[PDB]
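To be precise, the following lines are data_6.txt, and they hold compact mmCIF, N, CA and C atoms.
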# COMPACT_ATOMS: atom_id res chain seq x y z
N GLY A 3 16.42 14.02 -175.74
CA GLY A 3 15.58 14.47 -174.63
C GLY A 3 15.28 15.95 -174.81
N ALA A 4 14.27 16.25 -175.61
CA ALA A 4 13.73 17.61 -175.77
C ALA A 4 13.32 18.17 -174.38
N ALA A 5 12.80 17.29 -173.55
CA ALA A 5 12.31 17.66 -172.23
C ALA A 5 13.49 18.02 -171.35
N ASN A 6 14.52 17.15 -171.31
CA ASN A 6 15.74 17.42 -170.58
C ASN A 6 16.36 18.72 -171.08
N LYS A 7 16.37 18.98 -172.39
CA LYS A 7 16.96 20.25 -172.89
C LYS A 7 16.21 21.47 -172.32
N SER A 8 14.87 21.43 -172.36
CA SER A 8 14.06 22.51 -171.84
C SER A 8 14.22 22.70 -170.35
N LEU A 9 14.30 21.60 -169.61
CA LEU A 9 14.55 21.67 -168.19
C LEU A 9 15.92 22.23 -167.86
N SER A 10 16.93 21.84 -168.62
CA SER A 10 18.28 22.40 -168.46
C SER A 10 18.31 23.94 -168.69
N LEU A 11 17.70 24.41 -169.74
CA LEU A 11 17.63 25.84 -169.96
C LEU A 11 16.85 26.53 -168.83
N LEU A 12 15.73 25.94 -168.42
CA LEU A 12 14.96 26.46 -167.25
C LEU A 12 15.80 26.57 -166.01
N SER A 13 16.69 25.59 -165.78
CA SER A 13 17.59 25.68 -164.60
C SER A 13 18.47 26.91 -164.67
N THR A 14 18.96 27.25 -165.86
CA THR A 14 19.79 28.46 -165.99
C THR A 14 19.01 29.78 -165.79
N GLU A 15 17.78 29.79 -166.21
CA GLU A 15 16.89 30.94 -166.11
C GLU A 15 16.52 31.10 -164.66
N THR A 16 16.25 29.95 -163.95
CA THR A 16 16.04 29.97 -162.50
C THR A 16 17.24 30.55 -161.71
N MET A 17 18.45 30.10 -162.01
CA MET A 17 19.68 30.60 -161.46
C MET A 17 19.78 32.11 -161.65
N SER A 18 19.47 32.56 -162.82
CA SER A 18 19.56 33.97 -163.16
C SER A 18 18.62 34.83 -162.32
N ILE A 19 17.43 34.34 -162.05
CA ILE A 19 16.49 35.09 -161.20
C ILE A 19 16.94 35.07 -159.76
N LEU A 20 17.27 33.89 -159.26
CA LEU A 20 17.52 33.74 -157.85
C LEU A 20 18.91 34.21 -157.41
N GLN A 21 19.90 34.27 -158.30
CA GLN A 21 21.20 34.73 -157.88
C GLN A 21 21.07 36.26 -157.52
N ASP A 22 20.10 36.96 -158.10
CA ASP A 22 19.82 38.40 -157.73
C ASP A 22 18.90 38.58 -156.56
N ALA A 23 18.27 37.53 -156.03
CA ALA A 23 17.45 37.67 -154.82
C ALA A 23 18.15 37.60 -153.52
N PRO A 24 17.56 38.24 -152.47
CA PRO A 24 18.11 38.09 -151.16
C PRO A 24 18.09 36.72 -150.63
N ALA A 25 19.23 36.29 -150.07
CA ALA A 25 19.50 34.91 -149.71
C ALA A 25 19.22 33.87 -150.81
N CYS A 26 19.18 34.31 -152.08
CA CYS A 26 19.00 33.47 -153.20
C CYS A 26 17.69 32.70 -153.10
N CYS A 27 16.68 33.33 -152.50
CA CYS A 27 15.38 32.70 -152.45
C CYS A 27 14.26 33.73 -152.69
N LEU A 28 13.11 33.24 -153.13
CA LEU A 28 11.96 34.10 -153.46
C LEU A 28 10.68 33.31 -153.11
N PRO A 29 9.65 34.01 -152.65
CA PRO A 29 8.35 33.32 -152.58
C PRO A 29 7.96 32.83 -153.94
N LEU A 30 7.27 31.67 -153.98
CA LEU A 30 6.87 31.13 -155.24
C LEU A 30 6.04 32.07 -156.13
N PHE A 31 5.09 32.80 -155.53
CA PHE A 31 4.23 33.67 -156.34
C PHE A 31 5.08 34.73 -157.08
N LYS A 32 6.10 35.17 -156.40
CA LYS A 32 6.98 36.24 -156.88
C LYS A 32 7.93 35.70 -157.94
N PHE A 33 8.45 34.50 -157.69
CA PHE A 33 9.26 33.87 -158.72
C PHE A 33 8.50 33.70 -160.01
N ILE A 34 7.26 33.17 -159.94
CA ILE A 34 6.40 33.01 -161.11
C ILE A 34 6.23 34.33 -161.89
N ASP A 35 5.88 35.37 -161.17
CA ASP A 35 5.67 36.72 -161.76
C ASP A 35 6.92 37.27 -162.41
N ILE A 36 8.05 37.11 -161.74
CA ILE A 36 9.34 37.58 -162.26
C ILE A 36 9.71 36.82 -163.54
N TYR A 37 9.55 35.47 -163.49
CA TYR A 37 9.85 34.64 -164.58
C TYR A 37 9.04 34.97 -165.83
N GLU A 38 7.77 35.09 -165.66
CA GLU A 38 6.81 35.18 -166.78
C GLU A 38 6.97 36.55 -167.47
N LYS A 39 7.24 37.55 -166.65
CA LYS A 39 7.53 38.87 -167.18
C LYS A 39 8.88 38.91 -167.90
N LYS A 40 9.92 38.30 -167.31
CA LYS A 40 11.19 38.23 -167.93
C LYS A 40 11.25 37.44 -169.25
N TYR A 41 10.58 36.29 -169.36
CA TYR A 41 10.70 35.41 -170.52
C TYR A 41 9.50 35.43 -171.40
N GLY A 42 8.42 36.07 -171.00
CA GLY A 42 7.30 36.29 -171.87
C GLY A 42 6.45 35.08 -172.15
N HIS A 43 6.55 34.03 -171.34
CA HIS A 43 5.67 32.86 -171.47
C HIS A 43 5.43 32.22 -170.10
N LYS A 44 4.44 31.32 -170.07
CA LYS A 44 3.94 30.76 -168.87
C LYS A 44 5.01 29.85 -168.23
N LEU A 45 5.11 29.83 -166.89
CA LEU A 45 5.96 28.86 -166.20
C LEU A 45 5.09 27.69 -165.82
N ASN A 46 5.56 26.47 -166.10
CA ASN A 46 4.92 25.24 -165.63
C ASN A 46 5.54 24.89 -164.25
N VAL A 47 4.85 25.16 -163.15
CA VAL A 47 5.44 25.02 -161.82
C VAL A 47 5.92 23.64 -161.52
N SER A 48 5.21 22.62 -162.00
CA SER A 48 5.72 21.26 -161.83
C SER A 48 7.13 20.99 -162.40
N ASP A 49 7.55 21.74 -163.41
CA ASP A 49 8.92 21.67 -163.89
C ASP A 49 9.93 22.06 -162.85
N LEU A 50 9.60 22.98 -161.94
CA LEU A 50 10.55 23.37 -160.88
C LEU A 50 10.86 22.20 -159.99
N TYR A 51 9.90 21.29 -159.74
CA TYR A 51 10.16 20.16 -158.93
C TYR A 51 11.05 19.08 -159.62
N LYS A 52 11.33 19.24 -160.91
CA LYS A 52 12.27 18.33 -161.57
C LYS A 52 13.67 18.85 -161.41
N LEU A 53 13.84 20.13 -161.01
CA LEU A 53 15.18 20.72 -161.00
C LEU A 53 15.81 20.51 -159.66
N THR A 54 15.96 19.24 -159.30
CA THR A 54 16.39 18.93 -157.93
C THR A 54 17.89 19.14 -157.68
N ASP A 55 18.69 19.34 -158.72
CA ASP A 55 20.02 19.80 -158.57
C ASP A 55 20.23 21.28 -158.55
N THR A 56 19.13 22.07 -158.71
CA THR A 56 19.23 23.50 -158.87
C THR A 56 18.61 24.19 -157.72
N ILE A 57 17.41 23.79 -157.30
CA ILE A 57 16.60 24.50 -156.31
C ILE A 57 15.91 23.50 -155.37
N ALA A 58 15.60 23.94 -154.15
CA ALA A 58 14.70 23.26 -153.28
C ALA A 58 13.50 24.18 -153.10
N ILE A 59 12.32 23.60 -153.00
CA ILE A 59 11.10 24.38 -152.81
C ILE A 59 10.62 24.00 -151.44
N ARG A 60 10.56 24.93 -150.54
CA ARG A 60 10.22 24.68 -149.15
C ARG A 60 8.82 25.09 -148.87
N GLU A 61 8.10 24.24 -148.13
CA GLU A 61 6.79 24.58 -147.69
C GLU A 61 6.87 25.55 -146.53
N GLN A 62 6.00 26.54 -146.53
CA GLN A 62 5.84 27.39 -145.39
C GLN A 62 4.38 27.55 -145.15
N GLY A 63 4.07 28.06 -143.98
CA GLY A 63 2.65 28.22 -143.63
C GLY A 63 1.82 29.05 -144.56
N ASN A 64 2.38 30.16 -145.13
CA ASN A 64 1.67 31.00 -146.01
C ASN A 64 2.03 30.91 -147.46
N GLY A 65 2.85 29.90 -147.80
CA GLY A 65 3.24 29.77 -149.22
C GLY A 65 4.65 29.19 -149.33
N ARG A 66 4.96 28.71 -150.51
CA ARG A 66 6.25 28.10 -150.80
C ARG A 66 7.35 29.16 -151.04
N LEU A 67 8.57 28.68 -150.77
CA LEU A 67 9.80 29.46 -150.98
C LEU A 67 10.66 28.66 -151.91
N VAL A 68 11.16 29.31 -152.96
CA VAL A 68 12.01 28.70 -153.98
C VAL A 68 13.40 29.16 -153.59
N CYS A 69 14.29 28.18 -153.34
CA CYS A 69 15.64 28.43 -152.77
C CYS A 69 16.73 27.83 -153.69
N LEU A 70 17.64 28.68 -154.10
CA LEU A 70 18.79 28.23 -154.93
C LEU A 70 19.75 27.44 -154.03
N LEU A 71 20.11 26.23 -154.46
CA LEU A 71 21.00 25.41 -153.66
C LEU A 71 22.40 26.07 -153.61
N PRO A 72 23.08 25.97 -152.44
CA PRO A 72 24.34 26.67 -152.13
C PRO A 72 25.36 26.58 -153.22
N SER A 73 25.46 25.42 -153.86
CA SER A 73 26.46 25.27 -154.91
C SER A 73 26.22 26.09 -156.14
N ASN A 74 24.97 26.60 -156.29
CA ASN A 74 24.58 27.32 -157.51
C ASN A 74 24.46 28.80 -157.32
N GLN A 75 24.77 29.27 -156.13
CA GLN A 75 24.74 30.70 -155.81
C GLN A 75 25.97 31.47 -156.40
N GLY B 3 16.90 0.99 -147.51
CA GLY B 3 17.23 1.41 -146.11
C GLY B 3 16.08 2.09 -145.38
N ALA B 4 16.41 3.05 -144.51
CA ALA B 4 15.43 3.82 -143.72
C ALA B 4 14.60 4.81 -144.57
N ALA B 5 15.28 5.61 -145.40
CA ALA B 5 14.62 6.60 -146.29
C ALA B 5 13.62 5.93 -147.21
N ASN B 6 14.00 4.80 -147.80
CA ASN B 6 13.10 4.08 -148.72
C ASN B 6 11.93 3.49 -147.96
N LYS B 7 12.17 3.03 -146.74
CA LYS B 7 11.10 2.47 -145.91
C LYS B 7 10.12 3.57 -145.39
N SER B 8 10.66 4.72 -145.02
CA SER B 8 9.91 5.91 -144.67
C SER B 8 9.01 6.33 -145.87
N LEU B 9 9.55 6.37 -147.07
CA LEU B 9 8.76 6.71 -148.28
C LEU B 9 7.78 5.62 -148.61
N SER B 10 8.18 4.38 -148.41
CA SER B 10 7.31 3.31 -148.70
C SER B 10 6.05 3.30 -147.79
N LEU B 11 6.22 3.67 -146.54
CA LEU B 11 5.11 3.73 -145.64
C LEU B 11 4.21 4.92 -146.05
N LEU B 12 4.83 6.04 -146.37
CA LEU B 12 4.06 7.25 -146.77
C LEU B 12 3.25 6.91 -148.00
N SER B 13 3.83 6.15 -148.95
CA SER B 13 3.05 5.69 -150.10
C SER B 13 1.80 4.90 -149.75
N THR B 14 1.96 3.91 -148.88
CA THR B 14 0.84 3.10 -148.43
C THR B 14 -0.24 3.98 -147.72
N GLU B 15 0.22 4.88 -146.89
CA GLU B 15 -0.73 5.77 -146.12
C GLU B 15 -1.52 6.70 -147.16
N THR B 16 -0.75 7.25 -148.10
CA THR B 16 -1.29 8.13 -149.15
C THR B 16 -2.32 7.40 -150.00
N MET B 17 -2.00 6.17 -150.44
CA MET B 17 -2.95 5.37 -151.19
C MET B 17 -4.20 5.09 -150.41
N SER B 18 -4.06 4.82 -149.11
CA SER B 18 -5.22 4.49 -148.30
C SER B 18 -6.21 5.65 -148.23
N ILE B 19 -5.66 6.87 -148.22
CA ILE B 19 -6.49 8.07 -148.13
C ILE B 19 -7.15 8.38 -149.49
N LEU B 20 -6.45 8.12 -150.59
CA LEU B 20 -6.93 8.59 -151.90
C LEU B 20 -7.86 7.60 -152.61
N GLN B 21 -7.75 6.31 -152.21
CA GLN B 21 -8.41 5.22 -152.93
C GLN B 21 -9.88 5.46 -153.23
N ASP B 22 -10.62 5.91 -152.26
CA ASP B 22 -12.05 6.20 -152.38
C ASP B 22 -12.43 7.73 -152.43
N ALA B 23 -11.45 8.58 -152.65
CA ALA B 23 -11.75 10.01 -152.93
C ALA B 23 -12.30 10.15 -154.42
N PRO B 24 -12.99 11.25 -154.71
CA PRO B 24 -13.41 11.58 -156.09
C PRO B 24 -12.27 11.64 -157.04
N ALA B 25 -12.33 10.80 -158.09
CA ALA B 25 -11.24 10.66 -159.05
C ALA B 25 -9.88 10.31 -158.44
N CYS B 26 -9.95 9.66 -157.26
CA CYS B 26 -8.82 9.34 -156.41
C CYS B 26 -7.91 10.58 -156.20
N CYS B 27 -8.56 11.71 -155.96
CA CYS B 27 -7.88 12.97 -155.90
C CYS B 27 -8.46 13.79 -154.73
N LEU B 28 -7.56 14.43 -153.99
CA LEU B 28 -7.96 15.39 -152.91
C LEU B 28 -7.21 16.69 -153.04
N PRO B 29 -7.90 17.83 -152.81
CA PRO B 29 -7.14 19.03 -152.66
C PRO B 29 -6.08 18.88 -151.56
N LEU B 30 -4.93 19.51 -151.74
CA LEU B 30 -3.84 19.33 -150.77
C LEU B 30 -4.32 19.73 -149.34
N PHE B 31 -5.09 20.83 -149.19
CA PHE B 31 -5.53 21.23 -147.83
C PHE B 31 -6.33 20.09 -147.13
N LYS B 32 -7.14 19.37 -147.89
CA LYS B 32 -7.99 18.31 -147.42
C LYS B 32 -7.19 17.06 -147.19
N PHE B 33 -6.26 16.75 -148.08
CA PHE B 33 -5.37 15.57 -147.85
C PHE B 33 -4.59 15.79 -146.53
N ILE B 34 -4.10 17.01 -146.29
CA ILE B 34 -3.35 17.28 -145.05
C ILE B 34 -4.27 17.05 -143.86
N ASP B 35 -5.46 17.61 -143.92
CA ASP B 35 -6.41 17.49 -142.75
C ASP B 35 -6.69 16.03 -142.45
N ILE B 36 -7.06 15.24 -143.49
CA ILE B 36 -7.38 13.82 -143.32
C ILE B 36 -6.14 13.05 -142.84
N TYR B 37 -4.95 13.34 -143.41
CA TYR B 37 -3.76 12.68 -143.02
C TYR B 37 -3.41 12.90 -141.53
N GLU B 38 -3.46 14.15 -141.12
CA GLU B 38 -3.05 14.53 -139.74
C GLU B 38 -3.99 13.93 -138.69
N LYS B 39 -5.26 13.84 -139.04
CA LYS B 39 -6.31 13.22 -138.21
C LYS B 39 -6.09 11.71 -138.16
N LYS B 40 -5.69 11.09 -139.25
CA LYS B 40 -5.63 9.66 -139.28
C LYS B 40 -4.38 9.17 -138.59
N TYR B 41 -3.28 9.87 -138.80
CA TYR B 41 -1.93 9.45 -138.32
C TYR B 41 -1.38 10.14 -137.11
N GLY B 42 -2.03 11.25 -136.72
CA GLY B 42 -1.71 12.00 -135.51
C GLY B 42 -0.40 12.64 -135.44
N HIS B 43 0.18 13.02 -136.60
CA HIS B 43 1.36 13.81 -136.67
C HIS B 43 1.36 14.58 -137.98
N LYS B 44 2.28 15.50 -138.10
CA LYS B 44 2.34 16.41 -139.22
C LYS B 44 2.73 15.67 -140.47
N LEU B 45 2.12 16.01 -141.59
CA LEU B 45 2.56 15.49 -142.86
C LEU B 45 3.77 16.30 -143.37
N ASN B 46 4.73 15.55 -143.91
CA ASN B 46 5.96 16.10 -144.52
C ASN B 46 5.63 16.27 -146.00
N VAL B 47 5.11 17.44 -146.34
CA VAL B 47 4.56 17.63 -147.73
C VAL B 47 5.65 17.44 -148.77
N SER B 48 6.86 17.91 -148.48
CA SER B 48 8.00 17.58 -149.39
C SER B 48 8.28 16.12 -149.66
N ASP B 49 8.07 15.22 -148.71
CA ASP B 49 8.17 13.79 -148.96
C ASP B 49 7.11 13.30 -149.97
N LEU B 50 5.93 13.93 -150.04
CA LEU B 50 4.95 13.53 -151.01
C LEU B 50 5.48 13.69 -152.43
N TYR B 51 6.28 14.71 -152.64
CA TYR B 51 6.87 14.97 -153.95
C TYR B 51 7.90 13.92 -154.37
N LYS B 52 8.39 13.16 -153.40
CA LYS B 52 9.21 11.98 -153.72
C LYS B 52 8.45 10.73 -154.14
N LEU B 53 7.13 10.72 -154.00
CA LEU B 53 6.31 9.56 -154.39
C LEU B 53 5.89 9.57 -155.83
N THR B 54 6.88 9.69 -156.73
CA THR B 54 6.60 9.87 -158.14
C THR B 54 6.06 8.62 -158.82
N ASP B 55 6.18 7.44 -158.20
CA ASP B 55 5.48 6.23 -158.68
C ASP B 55 4.11 6.01 -158.08
N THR B 56 3.65 6.83 -157.13
CA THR B 56 2.31 6.62 -156.50
C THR B 56 1.30 7.72 -156.81
N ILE B 57 1.78 8.98 -156.71
CA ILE B 57 0.90 10.15 -156.90
C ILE B 57 1.46 11.20 -157.83
N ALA B 58 0.58 12.04 -158.38
CA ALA B 58 1.00 13.24 -159.01
C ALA B 58 0.42 14.40 -158.20
N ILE B 59 1.20 15.47 -158.00
CA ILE B 59 0.67 16.65 -157.36
C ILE B 59 0.44 17.66 -158.49
N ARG B 60 -0.78 18.07 -158.69
CA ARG B 60 -1.18 18.93 -159.77
C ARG B 60 -1.23 20.33 -159.32
N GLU B 61 -0.59 21.24 -160.07
CA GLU B 61 -0.69 22.67 -159.76
C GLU B 61 -1.94 23.12 -160.44
N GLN B 62 -2.79 23.72 -159.71
CA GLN B 62 -3.90 24.36 -160.32
C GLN B 62 -4.12 25.69 -159.68
N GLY B 63 -4.90 26.52 -160.39
CA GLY B 63 -5.24 27.86 -159.96
C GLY B 63 -5.85 27.96 -158.60
N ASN B 64 -6.72 27.02 -158.25
CA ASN B 64 -7.36 27.05 -156.95
C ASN B 64 -6.64 26.28 -155.82
N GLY B 65 -5.43 25.85 -156.10
CA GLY B 65 -4.61 25.10 -155.19
C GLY B 65 -4.26 23.71 -155.69
N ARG B 66 -3.29 23.10 -155.00
CA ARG B 66 -2.76 21.82 -155.47
C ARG B 66 -3.73 20.71 -155.27
N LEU B 67 -3.66 19.72 -156.16
CA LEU B 67 -4.40 18.47 -155.99
C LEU B 67 -3.44 17.34 -155.83
N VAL B 68 -3.79 16.41 -154.93
CA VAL B 68 -2.97 15.21 -154.75
C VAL B 68 -3.75 14.06 -155.41
N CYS B 69 -3.17 13.38 -156.41
CA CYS B 69 -3.90 12.51 -157.29
C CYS B 69 -3.16 11.17 -157.35
N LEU B 70 -3.90 10.10 -157.17
CA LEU B 70 -3.31 8.80 -157.32
C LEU B 70 -3.15 8.52 -158.80
N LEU B 71 -2.03 7.98 -159.20
CA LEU B 71 -1.85 7.60 -160.61
C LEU B 71 -2.77 6.41 -160.95
N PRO B 72 -3.24 6.33 -162.20
CA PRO B 72 -3.77 5.04 -162.78
C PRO B 72 -3.15 3.71 -162.19
N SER B 73 -3.90 3.07 -161.29
CA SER B 73 -3.43 1.98 -160.38
C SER B 73 -4.23 2.07 -159.06

As structure tokens, what does this structure read like?
Amino acid sequence: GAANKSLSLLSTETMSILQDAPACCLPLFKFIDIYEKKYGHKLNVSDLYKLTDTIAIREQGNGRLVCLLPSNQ
Amino acid sequence: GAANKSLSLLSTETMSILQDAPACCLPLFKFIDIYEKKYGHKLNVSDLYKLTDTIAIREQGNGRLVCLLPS
């Protein structure tokens, strides 16, 4: 599972960004910007929705919030 | 159980809305408007992401698209 391997590494990179954020969450636009600058390549946002053991993505009126699940903080 | 039946109904409602849309696809803002008008309550957009056998939600630059899979 090349895909599973890439998703697993992405989960660690997600953890690394969000463990430094306040309340371990970030607006989606900001997460994308932080990620792409940090790793130097494009984030495929649909991959975040596969990481259901790592993060929840919450809808809000003005945009999504990417939230690190309590066990991963 | 209840969760599967709740998702199963959302699937049927989602298909009904998308069947005759262009390319069986609606921008998310438009799917929400049509859904809320048809069903008279708020759509649980996170539950749509659980319908991985019925729809794909496409990230695009101009906003999300809700797309019925081949079927």

Would you compute an axis-aligned box for region 62-75 of chain A, covering every atom listed for it in the file with 6 Å of margin on each side, and report centre and edge lengths in Å to one decimal as AutoDock Vina command-line options?
--center_x 14.1 --center_y 28.4 --center_z -150.6 --size_x 36.8 --size_y 18.2 --size_z 25.9

12 Å contacts from chain A to chain B using only C-alpha atoms, as a short mmCIF file (atom, residue, chain, number, x, y, z; two decimals) with N, CA and C atoms, in the frame of the given file:
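Result file follows (part_39.cif):
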data_model
loop_
_atom_site.label_atom_id
_atom_site.label_comp_id
_atom_site.auth_asym_id
_atom_site.auth_seq_id
_atom_site.Cartn_x
_atom_site.Cartn_y
_atom_site.Cartn_z
N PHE A 31 5.09 32.80 -155.53
CA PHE A 31 4.23 33.67 -156.34
C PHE A 31 5.08 34.73 -157.08
N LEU A 45 5.11 29.83 -166.89
CA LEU A 45 5.96 28.86 -166.20
C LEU A 45 5.09 27.69 -165.82
N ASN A 46 5.56 26.47 -166.10
CA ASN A 46 4.92 25.24 -165.63
C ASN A 46 5.54 24.89 -164.25
N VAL A 47 4.85 25.16 -163.15
CA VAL A 47 5.44 25.02 -161.82
C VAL A 47 5.92 23.64 -161.52
N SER A 48 5.21 22.62 -162.00
CA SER A 48 5.72 21.26 -161.83
C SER A 48 7.13 20.99 -162.40
N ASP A 49 7.55 21.74 -163.41
CA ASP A 49 8.92 21.67 -163.89
C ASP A 49 9.93 22.06 -162.85
N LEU A 50 9.60 22.98 -161.94
CA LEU A 50 10.55 23.37 -160.88
C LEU A 50 10.86 22.20 -159.99
N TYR A 51 9.90 21.29 -159.74
CA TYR A 51 10.16 20.16 -158.93
C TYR A 51 11.05 19.08 -159.62
N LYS A 52 11.33 19.24 -160.91
CA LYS A 52 12.27 18.33 -161.57
C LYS A 52 13.67 18.85 -161.41
N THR A 54 15.96 19.24 -159.30
CA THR A 54 16.39 18.93 -157.93
C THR A 54 17.89 19.14 -157.68
N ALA A 58 15.60 23.94 -154.15
CA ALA A 58 14.70 23.26 -153.28
C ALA A 58 13.50 24.18 -153.10
N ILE A 59 12.32 23.60 -153.00
CA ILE A 59 11.10 24.38 -152.81
C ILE A 59 10.62 24.00 -151.44
N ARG A 60 10.56 24.93 -150.54
CA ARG A 60 10.22 24.68 -149.15
C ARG A 60 8.82 25.09 -148.87
N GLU A 61 8.10 24.24 -148.13
CA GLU A 61 6.79 24.58 -147.69
C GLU A 61 6.87 25.55 -146.53
N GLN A 62 6.00 26.54 -146.53
CA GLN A 62 5.84 27.39 -145.39
C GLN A 62 4.38 27.55 -145.15
N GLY A 63 4.07 28.06 -143.98
CA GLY A 63 2.65 28.22 -143.63
C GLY A 63 1.82 29.05 -144.56
N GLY A 65 2.85 29.90 -147.80
CA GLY A 65 3.24 29.77 -149.22
C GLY A 65 4.65 29.19 -149.33
N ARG A 66 4.96 28.71 -150.51
CA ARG A 66 6.25 28.10 -150.80
C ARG A 66 7.35 29.16 -151.04
#

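The two atoms in question, CA of residue 44 (chain A) and atom C of residue 57 (chain B), are spaced 22.6 Å apart.
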
Problem - Contact residues around residue 19 (chain A) with only C-alpha atoms at 10 Å, ignoring same-chain residues under 5 positions, as JSON, numbers by chain - result: {"A": [14, 26, 27, 28, 33, 36, 37, 40, 70]}

Exercise for the section: Counting only N, CA and C atoms, write as a PyMOL selection string all protein and nucleic acid residues lying at most 6 Å from (-5.1, 18.3, -150.7) in the file's frame. Expected result: chain B and resi 28-34+66-68

Practice task
Would you list, as a PyMOL selection string, the residues of chain B that end up in strand (DSSP E) under DSSP run on this structure's backbone?
Solution key: chain B and resi 27-29+57-60+67-70

Can you tell me which residues surround residue 16 (chain B) at a distance of at most 8 Å, considering all atoms listed in the file, apart from same-chain residues fewer than 5 positions away, and format the answer as an mmCIF file with N, CA and C atoms, keeping the file's coordinate frame?
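Output below, filename result.cif:
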data_model
loop_
_atom_site.group_PDB
_atom_site.id
_atom_site.type_symbol
_atom_site.label_atom_id
_atom_site.label_comp_id
_atom_site.auth_asym_id
_atom_site.auth_seq_id
_atom_site.Cartn_x
_atom_site.Cartn_y
_atom_site.Cartn_z
ATOM 1 N N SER B 10 8.180 4.380 -148.410
ATOM 2 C CA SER B 10 7.310 3.310 -148.700
ATOM 3 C C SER B 10 6.050 3.300 -147.790
ATOM 4 N N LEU B 11 6.220 3.670 -146.540
ATOM 5 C CA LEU B 11 5.110 3.730 -145.640
ATOM 6 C C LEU B 11 4.210 4.920 -146.050
ATOM 7 N N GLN B 21 -7.750 6.310 -152.210
ATOM 8 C CA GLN B 21 -8.410 5.220 -152.930
ATOM 9 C C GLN B 21 -9.880 5.460 -153.230
ATOM 10 N N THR B 56 3.650 6.830 -157.130
ATOM 11 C CA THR B 56 2.310 6.620 -156.500
ATOM 12 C C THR B 56 1.300 7.720 -156.810
ATOM 13 N N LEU B 70 -3.900 10.100 -157.170
ATOM 14 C CA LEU B 70 -3.310 8.800 -157.320
ATOM 15 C C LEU B 70 -3.150 8.520 -158.800
#

Handout entry: Atomic distance CA of residue 6 (chain B) - CA of residue 30 (chain A), expressed in Å with one decimal
Key =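 Rounded to one decimal, the two atoms are 28.5 Å apart.
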
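Reported to one decimal place, the separation of CA of residue 53 (chain B) from atom C of residue 9 (chain B) is 7.1 Å.
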